[PDB]
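Here's the structure, in structure tokens; my notes come after.
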Amino acid sequence: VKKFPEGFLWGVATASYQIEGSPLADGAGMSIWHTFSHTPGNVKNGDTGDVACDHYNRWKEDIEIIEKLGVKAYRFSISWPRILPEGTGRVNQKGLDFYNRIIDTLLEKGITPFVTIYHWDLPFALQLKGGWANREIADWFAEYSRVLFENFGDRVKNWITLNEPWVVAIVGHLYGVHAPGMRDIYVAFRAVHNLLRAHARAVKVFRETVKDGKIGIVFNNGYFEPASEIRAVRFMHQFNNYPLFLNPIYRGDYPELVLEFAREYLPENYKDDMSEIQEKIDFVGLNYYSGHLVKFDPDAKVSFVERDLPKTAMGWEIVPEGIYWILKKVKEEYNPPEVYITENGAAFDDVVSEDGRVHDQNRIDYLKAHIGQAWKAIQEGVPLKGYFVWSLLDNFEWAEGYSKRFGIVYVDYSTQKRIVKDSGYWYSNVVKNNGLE
Ligand SMILES: OC[C@@H]1[C@@H](O)[C@H](O)[C@@H](O)c2nnnn21
């Protein structure tokens with residue numbers, strides 16, 4: 001058997017734009033994901049978050065599912081433009097009311113809320129003012145965070161400033177694959193820097209407003225292996241993984257190989273901001289899904305090498321040992337006081353069998369192998385306090401639309417019916433047992 005520590009927090013995770021629908025209901029302003037997905041060509045099949053899982057209406061049923069599964073924590077995000085429709089200034093009470101009901105319901109049911117302040121649905125109004133490219137976003141984000149803290153901090157005691165700032169910056173502003181859909185490397189590195197500044201101002205406000213809670217930040221991470229006999233791997237870790245942000249937070253500068261590649265793209269006097277960026281955080285959240293084989297390639301000087309390994313429906317190679325590696329590595333590099341795995345999961349081509357069930361043994365195998373590796377890191381002294389499955393529900397998978405199903409609960413979009421998958425049942429047992437067997 002593999003038993004986890006007493007009080008270990010087993011959770012599931014979602015994000016507002018991916019599940020809620022009703023993006024313009026009750027006075028909400030448009031987000032950049034609304035306008036991006038409504039632009040032809042940006043999302044597969046022309047899919048948008050207009051309806052999604054209809055969680056905006058079905059939230060109580062969904063939380064009742066979390067409760068019934070015995071899951072102990074729910075990580076969800078708040079839509080900024082539901083709360084401040086123009087990004088700054090006016091606060092929308094109906095937007096606050098929506099999350100107030102979710103929070104109170106979770107608490108009544110003994111489920112711990114983990115709130116992600118920003119999971120990519122920037123107010124459109126702020127994008128018109130340059131969004132993450134504008135230094136003033138540190139102020140806008142601080143003001144938004146303060147509203148959340150003032151309204152919810154009496155009840156929510158666990159906060160995440162940003163989901164995956166690497167993705168927000170690079171995928172949104174260099175690759176142009178995510179909102180706001182830009183391709184400018186100078187803008188992308190300014191977004192990196194402002195994401196750190198905004199995160200730090202929000203932590204600063206947190207210390208002044210919620211003297212009894214904890215706050216951290218969440219990073220995407222992959223397990224990069226060299227295609228042979230190495231520095232391309234060092235570069236990928238430093239750039240794509242937690243070091244891009246934790247080196248500033250803990251050490252007051254970007255990682256060495258990031259500075260090699262990208263110095264010319266950062267603001268000239270970026271070091272001036274580093275003392276403020278070191279604002280103390282309470283925990284680090286690591287997301288982890290996939291591994292990659294990496295070679296130097298003269299034509300970021302880096303390319304991936306395809307491996308004959310099992311893959312998910314995303315085409316992502318399944319490499320469970322990567323979750324152990326990333327957990328050991330974060331301890332070794334920055335020794336954060338607490339770590340959470342804030343996302344782990346997989347997309348597979350789920351179908352409802354004639355028996356009414358969704359037999360996703362593939363997802364069970366995936367989760368089991370990763371949970372086992374996380375257990376290993378704990379035995380070796382990593383202060384892992386919780387693990388969150390992405391996702392509770394099949395949902396809007398960004399530029400892939402509804403074509404990729406990550407839920408432990410199946411959503412039939414024609415009816416909005418939820419069907420707990422075999423993986424959901426399996427996970428509920430893991431949680432009940434506080435581990436594997
Ligand atoms: O792509 C699947 C999921 C997304 O749905 C989440 O929104 C995002 O936080 C993430 N990071 N890595 N994998 N994911």
Side-chain angles (χ1 to χ4, degrees), residues 13-63 75-103 115-129 131-132 137 140-141 144 147-148 151-152 162-164 167-168 171-172 177-182 391-404 406-407 411 413-416 418:
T14 61
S16 50
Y17 193 75
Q18 306 186 254
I19 69 172
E20 288 168 3
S22 300
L24 303 176
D26 300 315
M30 289 188 300
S31 74
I32 62 176
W33 269 95
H34 182 81
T35 62
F36 188 78
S37 74
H38 279 280
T39 302
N42 287 339
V43 181
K44 178 167 171 183
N45 295 317
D47 288 346
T48 76
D50 285 3
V51 179
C53 305
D54 192 34
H55 181 79
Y56 194 74
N57 291 298
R58 300 172 188 263
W59 60 274
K60 195 186 169 224
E61 144 175 42
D62 292 341
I63 295 172
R75 170 178 180 237
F76 64 97
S77 79
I78 291 179
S79 166
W80 191 339
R82 291 198 192 281
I83 303 308
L84 296 105
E86 328 297 329
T88 59
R90 181 171 63 93
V91 170
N92 178 26
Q93 193 61 49
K94 289 184 199 198
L96 292 170
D97 288 344
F98 175 64
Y99 298 107
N100 268 327
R101 291 189 294 271
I102 287 173
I103 289 157
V115 173
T116 309
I117 295 169
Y118 185 76
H119 203 126
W120 307 354
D121 47 351
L122 187 72
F124 187 66
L126 297 180
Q127 185 59 47
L128 300 182
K129 290 177 173 192
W132 294 105
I137 195 148
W140 310 332
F141 189 73
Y144 166 43
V147 169
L148 297 191
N151 283 275
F152 305 137
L162 309 169
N163 184 70
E164 303 185 346
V167 180
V168 173
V171 181
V177 166
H178 283 176
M182 207 189 294
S391 179
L392 178 60
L393 297 167
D394 295 333
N395 61 56
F396 176 80
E397 177 49 40
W398 307 115
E400 297 286 315
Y402 299 103
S403 77
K404 303 294 180 286
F406 276 91
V411 181
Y413 294 114
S414 68
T415 58
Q416 292 296 347
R418 276 69 166 143

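Along the sequence shown, residues carry numbers from 1. Any value given below was found using the heavy atoms of this structure, including those in side chains, with hydrogens, waters and symmetry copies removed.
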* Asked: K60: what forms a salt bridge (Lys or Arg N to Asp or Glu O under 4.0 Å) with it, not counting sequence neighbours?
  -> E64
* Mind checking the CD1-CH2 spacing from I102 to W59? Nearest 0.5 Å is all I need. => 7.0 Å
* What is the minimum heavy-atom distance between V177 and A399, and which atoms define it? -> O-CB, 3.8 Å
* **For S37 against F396, the heavy-atom pair lying closest together** => CB-CZ, 4.3 Å
* Take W132 and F141, measure what side chain to side chain contact (heavy atoms under 4.5 Å, CB included) needs, and give me the verdict at the end. => CA-CA 10 Å; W132 294 105; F141 189 73; 4.0 Å; yes
* Is the backbone of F98 close enough, under 3.5 Å, to the side chain of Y56 for a donor and an acceptor to pair up by distance? -> no
* Asked: If you round to the nearest 0.5 Å, how far is CZ of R75 from CG of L392?
  -> 13.5 Å
* Asked: Can you name the nearest heavy-atom pair linking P123 to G87, along with the distance?
  -> CG-CA, 3.6 Å
* To do: Answer yes or no: is there a donor N or O on one side and an acceptor on the other, between the side chain of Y402 and the main chain of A52, under 3.5 Å?
  => yes
* Could you list the residues that satisfy salt bridge (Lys or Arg N to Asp or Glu O under 4.0 Å) with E61, not counting sequence neighbours? => none
* Structure fact -> d(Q93 CD, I83 CD1) to nearest 0.5 Å is 8.5 Å
* Sequence neighbours left out, what passes salt bridge (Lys or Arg N to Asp or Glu O under 4.0 Å) with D54? Give chain and number order. => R58
* Structure fact -> Taken to the nearest 0.5 Å, the spacing of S22 OG from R82 CZ works out to 6.5 Å
* Structure fact -> Interatomic distance, CG@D394 vs SG@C53, rounded to 0.5 Å, equals 7.5 Å
* **Exam field: side chain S31 to backbone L122, donor-acceptor pair closer than 3.5 Å** => no
* With sequence neighbours left out, write down each residue that passes ring pair (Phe, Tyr, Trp, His ring centres under 6.0 Å) with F124, or none if nothing qualifies. => none
* Distance-only, no hydrogens or angles: does the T39 side chain make a donor-acceptor pair with backbone N or O of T35 under 3.5 Å? -> yes
* To do: Check the pair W398 / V171 against side chain to side chain contact (heavy atoms under 4.5 Å, CB included), numbers first and verdict last.
  => CA-CA 11 Å; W398 307 115; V171 181; over 6 Å; no
* To do: Kindly say whether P85 contributes a backbone atom to a donor-acceptor pair with the side chain of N92 at under 3.5 angstrom?
  => no
* Take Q416 and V51, measure what side chain to side chain contact (heavy atoms under 4.5 Å, CB included) needs, and give me the verdict at the end. => CA-CA 10 Å; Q416 292 296 347; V51 179; 3.6 Å; yes
* Does any non-hydrogen side-chain atom of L148 lie less than 4.5 Å from one of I78? -> yes
* Could you walk me through whether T116 and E164 pass side chain to side chain contact (heavy atoms under 4.5 Å, CB included), step by step? => CA-CA 11 Å; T116 309; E164 303 185 346; over 6 Å; no
* Asked: Can you check side chain to side chain donor-acceptor pair (under 3.5 Å) on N151 and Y99, steps first, answer last?
  -> CA-CA 10 Å; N151 283 275; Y99 298 107; over 6 Å; no
* Just jot down the side chain to side chain contact (heavy atoms under 4.5 Å, CB included) partners of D50, sequence neighbours excluded, or say none. => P23, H34, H38, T48
* **Value rounded to 0.5 Å, distance of CG in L126 from OG1 in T88** => 6.0 Å
* Closest non-hydrogen atom pair between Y144 and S79, with its separation -> OH-C, 4.0 Å
* Smallest separation among heavy atoms of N163 and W120, with atom names -> O-NE1, 2.9 Å
* Asked: Are the side chains of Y413 and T415 in touch, meaning some heavy atoms are under 4.5 Å apart?
  -> no
* To do: Just jot down the salt bridge (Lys or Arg N to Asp or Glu O under 4.0 Å) partners of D62, sequence neighbours excluded, or say none.
  => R418
* Do the ring planes of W33 and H178 sit parallel (below 30°), tilted (30 to 60°) or perpendicular (above 60°)? -> perpendicular
* Is there a donor in the side chain of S77 and an acceptor in the side chain of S16, or the other way round, less than 3.5 Å apart? -> yes
